[PDB]
Each structure stands twice: as C-alpha cells, then as structure tokens.
Amino acid sequence: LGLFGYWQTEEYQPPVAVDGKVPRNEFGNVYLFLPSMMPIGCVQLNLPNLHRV
DNA sequence: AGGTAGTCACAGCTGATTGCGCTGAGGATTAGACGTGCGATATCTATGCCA
C-alpha cells in the first residue's frame, strides 16, 4: 500500500457539471468527505425518496 | 304480382383480465498498536593472591 507524502499530493480539484450531467467516480458516485470536494455546479440534497422523483 | 338488396339477430377470432413469477432502489447493520511482566544479558568494583 503506497503511503504518499504531503509533498507528493497537491490538491483535489472537483470537476464541473457539463450539459446537465453530474460527474461520477469510477464507482458511479461522488466522494463528499469535504464540502470543497463537491463538483462545481452540483448541490447535495437531503430529501428522502428524492431519487424516485 | 315477382325477386334480391338493406337490415337485424345469432355464431367465430382476438385482445383485455386476474391469478401468479423476476429487477432496482430505499433503510438497518476482526488484525494491528500500546503497554507490561519476565527472562536472559551487562557491568561497577570489594577483596585476597603472590612476586
């Protein structure tokens, strides 16, 4: 397991939603450990059953 | 007076229907570090020996 140092890591730049498409990771989701990780043009909503709508 | 076309009333053909089965998205959920008792290893040095 490669433990990279602070000098080897710069910064995570969140993507930008294009043409009404939400960017997704390799697994089809978005990592939202921090608010800055949210892609530009995206909003997180805590609405139950929102995906069905 | 004579006859066959328009029309209405009972038969076949077919899609909708009520029993049942799959998918896809929700809400619930042990193997190193840190410290310790123990067992093997170091070490400073008081004292008696002869040349």
# chains A, B, ... in the order shown; residues from 1 in each chain; ligands from 1
call {"tool": "residues_around", "arguments": {"residues": "residue 40 of chain A", "least_positions_apart": "3", "cutoff": "7 Å", "atoms": "only C-alpha atoms (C1' of nucleotides)", "output": "ChimeraX atom specification"}}
result
/A:14-17
call {"tool": "interface_residues", "arguments": {"of": "chain A", "to": "chain B", "cutoff": "9 Å", "atoms": "only C-alpha atoms (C1' of nucleotides)", "output": "PDB file with N, CA, C and O atoms, in the first residue's frame"}}
result
ATOM      1  N   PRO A  48     -35.532  12.646   1.485  1.00  0.00           N
ATOM      2  CA  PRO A  48     -35.869  11.223   1.364  1.00  0.00           C
ATOM      3  C   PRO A  48     -36.706  10.962   0.120  1.00  0.00           C
ATOM      4  O   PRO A  48     -37.553  11.772  -0.263  1.00  0.00           O
ATOM      5  N   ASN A  49     -36.453   9.816  -0.513  1.00  0.00           N
ATOM      6  CA  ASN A  49     -37.152   9.383  -1.722  1.00  0.00           C
ATOM      7  C   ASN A  49     -37.015  10.384  -2.866  1.00  0.00           C
ATOM      8  O   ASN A  49     -37.886  10.459  -3.737  1.00  0.00           O
ATOM      9  N   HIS A  51     -34.602  10.334  -5.156  1.00  0.00           N
ATOM     10  CA  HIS A  51     -34.138   9.648  -6.358  1.00  0.00           C
ATOM     11  C   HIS A  51     -35.298   9.111  -7.185  1.00  0.00           C
ATOM     12  O   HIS A  51     -35.234   9.120  -8.420  1.00  0.00           O
ATOM     13  N   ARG A  52     -36.357   8.633  -6.530  1.00  0.00           N
ATOM     14  CA  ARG A  52     -37.529   8.166  -7.263  1.00  0.00           C
ATOM     15  C   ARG A  52     -38.167   9.305  -8.050  1.00  0.00           C
ATOM     16  O   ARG A  52     -38.549   9.134  -9.214  1.00  0.00           O
TER      17      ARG A  52
END
call {"tool": "atom_distance", "arguments": {"atom1": "atom CA of residue 13 of chain A", "atom2": "atom CA of residue 38 of chain A"}}
result
9.2 Å
call {"tool": "select_by_dssp", "arguments": {"residues": "chain A", "states": "helix (DSSP H, G or I)", "output": "MDAnalysis selection string"}}
result
chainID A and resid 6:8 35:37
call {"tool": "write_last_selection", "arguments": {"atoms": "C-alpha atoms", "output": "short mmCIF file (atom, residue, chain, number, x, y, z; two decimals), in the first residue's frame"}}
result
data_model
loop_
_atom_site.label_atom_id
_atom_site.label_comp_id
_atom_site.auth_asym_id
_atom_site.auth_seq_id
_atom_site.Cartn_x
_atom_site.Cartn_y
_atom_site.Cartn_z
CA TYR A 6 2.34 15.67 1.64
CA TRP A 7 4.97 16.85 -0.86
CA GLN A 8 3.64 14.31 -3.39
CA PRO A 35 -17.69 20.46 1.06
CA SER A 36 -14.85 21.59 -1.23
CA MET A 37 -14.90 18.12 -2.80
#
call {"tool": "atom_distance", "arguments": {"atom1": "atom CA of residue 29 of chain A", "atom2": "atom CA of residue 46 of chain A"}}
result
15.6 Å
call {"tool": "atom_distance", "arguments": {"atom1": "atom CA of residue 41 of chain A", "atom2": "atom CA of residue 53 of chain A"}}
result
20.1 Å
call {"tool": "decode", "arguments": {"residues": "segment 10-46 of chain B", "atoms": "N, CA, C and O atoms (P, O5', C5', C4', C3', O3' and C1' of nucleotides)", "output": "JSON list (two decimals), in the first residue's frame"}}
result
[["chain", "number", "residue", "atom", "x", "y", "z"],
["B", 10, "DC", "P", -81.48, -13.36, -31.45],
["B", 10, "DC", "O5'", -81.08, -14.87, -31.82],
["B", 10, "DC", "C5'", -79.87, -15.42, -31.32],
["B", 10, "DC", "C4'", -79.08, -16.08, -32.43],
["B", 10, "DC", "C3'", -77.84, -16.85, -31.98],
["B", 10, "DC", "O3'", -77.73, -18.06, -32.71],
["B", 10, "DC", "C1'", -77.21, -15.20, -33.54],
["B", 11, "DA", "P", -76.68, -19.19, -32.24],
["B", 11, "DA", "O5'", -75.37, -18.88, -33.10],
["B", 11, "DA", "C5'", -74.18, -19.61, -32.87],
["B", 11, "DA", "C4'", -73.24, -19.50, -34.06],
["B", 11, "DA", "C3'", -71.78, -19.81, -33.77],
["B", 11, "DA", "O3'", -71.14, -20.29, -34.94],
["B", 11, "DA", "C1'", -72.00, -17.53, -34.33],
["B", 12, "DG", "P", -69.80, -21.17, -34.83],
["B", 12, "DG", "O5'", -68.64, -20.15, -35.21],
["B", 12, "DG", "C5'", -67.28, -20.53, -35.05],
["B", 12, "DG", "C4'", -66.35, -19.51, -35.68],
["B", 12, "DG", "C3'", -64.95, -19.46, -35.07],
["B", 12, "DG", "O3'", -64.00, -19.09, -36.06],
["B", 12, "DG", "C1'", -66.03, -17.40, -34.73],
["B", 13, "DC", "P", -62.43, -19.26, -35.77],
["B", 13, "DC", "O5'", -61.94, -17.78, -35.40],
["B", 13, "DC", "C5'", -61.90, -16.77, -36.40],
["B", 13, "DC", "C4'", -61.17, -15.53, -35.90],
["B", 13, "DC", "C3'", -59.91, -15.79, -35.09],
["B", 13, "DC", "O3'", -58.92, -14.82, -35.42],
["B", 13, "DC", "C1'", -61.47, -14.59, -33.77],
["B", 14, "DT", "P", -57.46, -14.88, -34.76],
["B", 14, "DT", "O5'", -57.50, -13.72, -33.67],
["B", 14, "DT", "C5'", -57.90, -12.40, -34.04],
["B", 14, "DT", "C4'", -57.99, -11.50, -32.83],
["B", 14, "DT", "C3'", -56.81, -11.61, -31.85],
["B", 14, "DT", "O3'", -56.41, -10.32, -31.42],
["B", 14, "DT", "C1'", -58.84, -11.95, -30.71],
["B", 15, "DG", "P", -54.89, -10.06, -30.96],
["B", 15, "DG", "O5'", -55.02, -9.03, -29.75],
["B", 15, "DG", "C5'", -55.54, -7.73, -29.97],
["B", 15, "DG", "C4'", -56.31, -7.23, -28.76],
["B", 15, "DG", "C3'", -55.48, -7.02, -27.50],
["B", 15, "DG", "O3'", -55.97, -5.91, -26.77],
["B", 15, "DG", "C1'", -57.13, -8.64, -27.07],
["B", 16, "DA", "P", -55.12, -5.28, -25.56],
["B", 16, "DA", "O5'", -56.07, -5.47, -24.29],
["B", 16, "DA", "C5'", -57.32, -4.79, -24.22],
["B", 16, "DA", "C4'", -58.14, -5.25, -23.03],
["B", 16, "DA", "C3'", -57.44, -5.16, -21.68],
["B", 16, "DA", "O3'", -58.36, -4.75, -20.68],
["B", 16, "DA", "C1'", -58.06, -7.40, -22.10],
["B", 17, "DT", "P", -57.88, -4.53, -19.17],
["B", 17, "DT", "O5'", -58.14, -5.94, -18.47],
["B", 17, "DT", "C5'", -59.45, -6.51, -18.49],
["B", 17, "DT", "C4'", -59.53, -7.71, -17.57],
["B", 17, "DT", "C3'", -58.69, -7.59, -16.30],
["B", 17, "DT", "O3'", -59.44, -8.03, -15.18],
["B", 17, "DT", "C1'", -58.12, -9.57, -17.46],
["B", 18, "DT", "P", -59.10, -7.47, -13.71],
["B", 18, "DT", "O5'", -58.76, -8.78, -12.87],
["B", 18, "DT", "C5'", -59.72, -9.81, -12.74],
["B", 18, "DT", "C4'", -59.07, -11.12, -12.33],
["B", 18, "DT", "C3'", -58.29, -11.08, -11.02],
["B", 18, "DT", "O3'", -58.52, -12.27, -10.29],
["B", 18, "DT", "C1'", -56.88, -11.80, -12.76],
["B", 19, "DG", "P", -57.89, -12.46, -8.82],
["B", 19, "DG", "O5'", -56.43, -13.05, -9.10],
["B", 19, "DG", "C5'", -55.77, -13.80, -8.10],
["B", 19, "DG", "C4'", -55.29, -15.13, -8.67],
["B", 19, "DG", "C3'", -53.84, -15.47, -8.36],
["B", 19, "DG", "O3'", -53.78, -16.36, -7.26],
["B", 19, "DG", "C1'", -54.21, -15.49, -10.72],
["B", 20, "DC", "P", -52.80, -16.07, -6.02],
["B", 20, "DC", "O5'", -51.38, -16.63, -6.51],
["B", 20, "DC", "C5'", -50.46, -15.76, -7.14],
["B", 20, "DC", "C4'", -49.67, -16.50, -8.21],
["B", 20, "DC", "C3'", -48.19, -16.16, -8.24],
["B", 20, "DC", "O3'", -47.47, -17.09, -7.45],
["B", 20, "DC", "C1'", -49.13, -15.81, -10.39],
["B", 21, "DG", "P", -46.05, -16.68, -6.82],
["B", 21, "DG", "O5'", -45.04, -16.74, -8.06],
["B", 21, "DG", "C5'", -43.73, -16.22, -7.94],
["B", 21, "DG", "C4'", -42.96, -16.40, -9.23],
["B", 21, "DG", "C3'", -41.77, -15.45, -9.41],
["B", 21, "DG", "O3'", -40.56, -16.14, -9.11],
["B", 21, "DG", "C1'", -43.34, -15.13, -11.17],
["B", 22, "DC", "P", -39.25, -15.32, -8.69],
["B", 22, "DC", "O5'", -38.65, -14.81, -10.09],
["B", 22, "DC", "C5'", -37.41, -14.11, -10.12],
["B", 22, "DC", "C4'", -37.18, -13.51, -11.50],
["B", 22, "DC", "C3'", -36.15, -12.39, -11.55],
["B", 22, "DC", "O3'", -35.50, -12.37, -12.81],
["B", 22, "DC", "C1'", -38.36, -11.52, -11.89],
["B", 23, "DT", "P", -34.08, -11.63, -12.95],
["B", 23, "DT", "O5'", -34.45, -10.08, -12.97],
["B", 23, "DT", "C5'", -33.76, -9.18, -12.11],
["B", 23, "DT", "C4'", -33.96, -7.75, -12.56],
["B", 23, "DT", "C3'", -32.98, -6.76, -11.95],
["B", 23, "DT", "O3'", -32.87, -5.61, -12.78],
["B", 23, "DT", "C1'", -35.12, -6.40, -11.02],
["B", 24, "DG", "P", -31.51, -4.76, -12.80],
["B", 24, "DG", "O5'", -31.84, -3.48, -11.90],
["B", 24, "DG", "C5'", -32.81, -2.54, -12.33],
["B", 24, "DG", "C4'", -33.16, -1.57, -11.22],
["B", 24, "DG", "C3'", -31.97, -1.07, -10.40],
["B", 24, "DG", "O3'", -32.06, 0.34, -10.23],
["B", 24, "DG", "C1'", -33.62, -1.97, -8.96],
["B", 25, "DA", "P", -30.84, 1.17, -9.58],
["B", 25, "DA", "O5'", -31.48, 1.83, -8.28],
["B", 25, "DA", "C5'", -32.61, 2.69, -8.41],
["B", 25, "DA", "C4'", -33.45, 2.70, -7.15],
["B", 25, "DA", "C3'", -32.78, 3.33, -5.93],
["B", 25, "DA", "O3'", -33.70, 4.19, -5.27],
["B", 25, "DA", "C1'", -33.55, 1.17, -5.39],
["B", 26, "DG", "P", -33.18, 5.32, -4.25],
["B", 26, "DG", "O5'", -32.88, 4.52, -2.90],
["B", 26, "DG", "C5'", -32.67, 5.22, -1.69],
["B", 26, "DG", "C4'", -33.70, 4.82, -0.65],
["B", 26, "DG", "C3'", -33.11, 4.36, 0.67],
["B", 26, "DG", "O3'", -33.00, 5.47, 1.59],
["B", 26, "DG", "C1'", -34.51, 2.66, -0.19],
["B", 27, "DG", "P", -34.20, 5.88, 2.59],
["B", 27, "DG", "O5'", -34.13, 4.78, 3.75],
["B", 27, "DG", "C5'", -35.26, 4.55, 4.58],
["B", 27, "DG", "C4'", -35.07, 3.29, 5.41],
["B", 27, "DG", "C3'", -34.15, 3.44, 6.62],
["B", 27, "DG", "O3'", -34.66, 2.68, 7.71],
["B", 27, "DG", "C1'", -33.30, 1.77, 5.20],
["B", 28, "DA", "P", -34.11, 2.94, 9.20],
["B", 28, "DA", "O5'", -33.62, 1.49, 9.68],
["B", 28, "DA", "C5'", -32.62, 1.37, 10.68],
["B", 28, "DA", "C4'", -32.04, -0.04, 10.68],
["B", 28, "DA", "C3'", -30.57, -0.13, 11.07],
["B", 28, "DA", "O3'", -30.46, -0.35, 12.48],
["B", 28, "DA", "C1'", -30.94, -1.29, 9.03],
["B", 29, "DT", "P", -29.09, 0.00, 13.25],
["B", 29, "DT", "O5'", -28.04, -1.07, 12.69],
["B", 29, "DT", "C5'", -28.16, -2.44, 13.06],
["B", 29, "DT", "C4'", -27.20, -3.30, 12.26],
["B", 29, "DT", "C3'", -25.74, -2.92, 12.37],
["B", 29, "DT", "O3'", -25.15, -3.51, 13.54],
["B", 29, "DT", "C1'", -26.31, -3.35, 10.10],
["B", 30, "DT", "P", -15.15, -12.02, 15.03],
["B", 30, "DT", "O5'", -14.03, -11.19, 14.26],
["B", 30, "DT", "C5'", -13.04, -11.86, 13.49],
["B", 30, "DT", "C4'", -12.31, -10.89, 12.58],
["B", 30, "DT", "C3'", -10.83, -10.72, 12.88],
["B", 30, "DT", "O3'", -10.13, -10.44, 11.67],
["B", 30, "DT", "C1'", -11.91, -8.66, 13.15],
["B", 31, "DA", "P", -8.68, -11.08, 11.42],
["B", 31, "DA", "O5'", -7.68, -9.83, 11.48],
["B", 31, "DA", "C5'", -7.41, -9.07, 10.31],
["B", 31, "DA", "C4'", -6.36, -8.00, 10.57],
["B", 31, "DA", "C3'", -4.95, -8.50, 10.85],
["B", 31, "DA", "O3'", -4.01, -7.51, 10.46],
["B", 31, "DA", "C1'", -5.85, -7.55, 12.82],
["B", 32, "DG", "P", -2.44, -7.78, 10.62],
["B", 32, "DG", "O5'", -2.10, -7.24, 12.09],
["B", 32, "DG", "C5'", -1.02, -6.34, 12.29],
["B", 32, "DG", "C4'", -1.50, -4.90, 12.24],
["B", 32, "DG", "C3'", -0.64, -3.92, 12.99],
["B", 32, "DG", "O3'", -0.88, -2.60, 12.51],
["B", 32, "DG", "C1'", -2.65, -4.26, 14.17],
["B", 33, "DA", "P", 0.14, -1.40, 12.86],
["B", 33, "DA", "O5'", -0.25, -0.99, 14.35],
["B", 33, "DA", "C5'", 0.66, -0.24, 15.14],
["B", 33, "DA", "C4'", -0.08, 0.59, 16.17],
["B", 33, "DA", "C3'", 0.79, 1.10, 17.31],
["B", 33, "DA", "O3'", 0.20, 2.27, 17.88],
["B", 33, "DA", "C1'", -0.70, -0.54, 18.13],
["B", 34, "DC", "P", 1.05, 3.22, 18.85],
["B", 34, "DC", "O5'", 0.18, 3.28, 20.19],
["B", 34, "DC", "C5'", -0.38, 2.09, 20.73],
["B", 34, "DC", "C4'", -0.50, 2.18, 22.24],
["B", 34, "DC", "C3'", 0.77, 2.60, 22.95],
["B", 34, "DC", "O3'", 0.46, 3.21, 24.20],
["B", 34, "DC", "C1'", 0.31, 0.33, 23.43],
["B", 35, "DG", "P", 1.63, 3.64, 25.21],
["B", 35, "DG", "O5'", 1.66, 2.46, 26.28],
["B", 35, "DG", "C5'", 0.49, 2.16, 27.03],
["B", 35, "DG", "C4'", 0.63, 0.85, 27.78],
["B", 35, "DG", "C3'", 1.79, 0.77, 28.77],
["B", 35, "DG", "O3'", 1.31, 0.38, 30.05],
["B", 35, "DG", "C1'", 1.74, -1.15, 27.38],
["B", 36, "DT", "P", 2.30, 0.25, 31.30],
["B", 36, "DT", "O5'", 2.57, -1.32, 31.42],
["B", 36, "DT", "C5'", 1.48, -2.22, 31.57],
["B", 36, "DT", "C4'", 1.96, -3.64, 31.78],
["B", 36, "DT", "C3'", 3.13, -3.79, 32.76],
["B", 36, "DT", "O3'", 2.91, -4.91, 33.60],
["B", 36, "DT", "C1'", 3.67, -4.80, 30.71],
["B", 37, "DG", "P", 3.63, -5.00, 35.04],
["B", 37, "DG", "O5'", 4.08, -6.53, 35.14],
["B", 37, "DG", "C5'", 3.12, -7.56, 34.97],
["B", 37, "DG", "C4'", 3.78, -8.88, 34.59],
["B", 37, "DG", "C3'", 4.89, -9.35, 35.53],
["B", 37, "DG", "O3'", 4.83, -10.77, 35.64],
["B", 37, "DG", "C1'", 5.78, -8.99, 33.35],
["B", 38, "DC", "P", 5.91, -11.58, 36.51],
["B", 38, "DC", "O5'", 6.98, -12.05, 35.42],
["B", 38, "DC", "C5'", 6.53, -12.65, 34.21],
["B", 38, "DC", "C4'", 7.69, -13.02, 33.30],
["B", 38, "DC", "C3'", 8.94, -13.54, 34.02],
["B", 38, "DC", "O3'", 9.52, -14.57, 33.24],
["B", 38, "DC", "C1'", 9.51, -11.68, 32.72],
["B", 39, "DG", "P", 10.24, -15.82, 33.95],
["B", 39, "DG", "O5'", 11.46, -16.14, 32.96],
["B", 39, "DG", "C5'", 11.26, -16.07, 31.55],
["B", 39, "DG", "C4'", 12.53, -15.62, 30.85],
["B", 39, "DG", "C3'", 13.83, -16.12, 31.49],
["B", 39, "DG", "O3'", 14.75, -16.47, 30.46],
["B", 39, "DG", "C1'", 13.87, -13.77, 31.37],
["B", 40, "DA", "P", 15.96, -17.48, 30.77],
["B", 40, "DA", "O5'", 17.19, -16.84, 29.98],
["B", 40, "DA", "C5'", 17.05, -16.53, 28.60],
["B", 40, "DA", "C4'", 17.87, -15.30, 28.23],
["B", 40, "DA", "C3'", 19.37, -15.41, 28.50],
["B", 40, "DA", "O3'", 20.09, -14.85, 27.41],
["B", 40, "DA", "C1'", 18.48, -13.53, 29.63],
["B", 41, "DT", "P", 21.69, -14.90, 27.36],
["B", 41, "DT", "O5'", 22.12, -13.39, 27.65],
["B", 41, "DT", "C5'", 21.60, -12.35, 26.83],
["B", 41, "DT", "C4'", 22.15, -11.00, 27.25],
["B", 41, "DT", "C3'", 23.66, -10.96, 27.54],
["B", 41, "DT", "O3'", 24.21, -9.79, 26.95],
["B", 41, "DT", "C1'", 22.48, -10.07, 29.36],
["B", 42, "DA", "P", 25.80, -9.64, 26.76],
["B", 42, "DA", "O5'", 26.12, -8.24, 27.46],
["B", 42, "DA", "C5'", 25.43, -7.87, 28.65],
["B", 42, "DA", "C4'", 25.58, -6.38, 28.92],
["B", 42, "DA", "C3'", 27.00, -5.92, 29.15],
["B", 42, "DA", "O3'", 27.06, -4.51, 28.98],
["B", 42, "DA", "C1'", 25.84, -6.02, 31.21],
["B", 43, "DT", "P", 28.47, -3.74, 29.08],
["B", 43, "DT", "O5'", 28.62, -3.42, 30.63],
["B", 43, "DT", "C5'", 27.55, -2.80, 31.34],
["B", 43, "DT", "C4'", 27.93, -2.56, 32.79],
["B", 43, "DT", "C3'", 29.42, -2.37, 33.04],
["B", 43, "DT", "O3'", 29.62, -1.31, 33.95],
["B", 43, "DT", "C1'", 28.59, -4.06, 34.44],
["B", 44, "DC", "P", 30.84, -0.29, 33.76],
["B", 44, "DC", "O5'", 31.10, 0.26, 35.24],
["B", 44, "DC", "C5'", 30.00, 0.73, 36.02],
["B", 44, "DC", "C4'", 30.23, 0.48, 37.49],
["B", 44, "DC", "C3'", 31.66, 0.72, 37.98],
["B", 44, "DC", "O3'", 31.63, 1.40, 39.23],
["B", 44, "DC", "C1'", 30.98, -1.46, 38.55],
["B", 45, "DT", "P", 32.99, 1.80, 39.98],
["B", 45, "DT", "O5'", 33.29, 0.53, 40.91],
["B", 45, "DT", "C5'", 32.27, 0.01, 41.75],
["B", 45, "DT", "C4'", 32.77, -1.18, 42.53],
["B", 45, "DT", "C3'", 34.18, -1.03, 43.10],
["B", 45, "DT", "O3'", 34.23, -1.56, 44.42],
["B", 45, "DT", "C1'", 34.06, -2.98, 41.79],
["B", 46, "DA", "P", 34.91, -0.71, 45.60],
["B", 46, "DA", "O5'", 34.95, -1.72, 46.84],
["B", 46, "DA", "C5'", 33.73, -2.26, 47.35],
["B", 46, "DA", "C4'", 33.99, -3.56, 48.12],
["B", 46, "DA", "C3'", 35.23, -3.57, 49.00],
["B", 46, "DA", "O3'", 35.00, -4.39, 50.13],
["B", 46, "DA", "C1'", 35.50, -5.09, 47.16]]
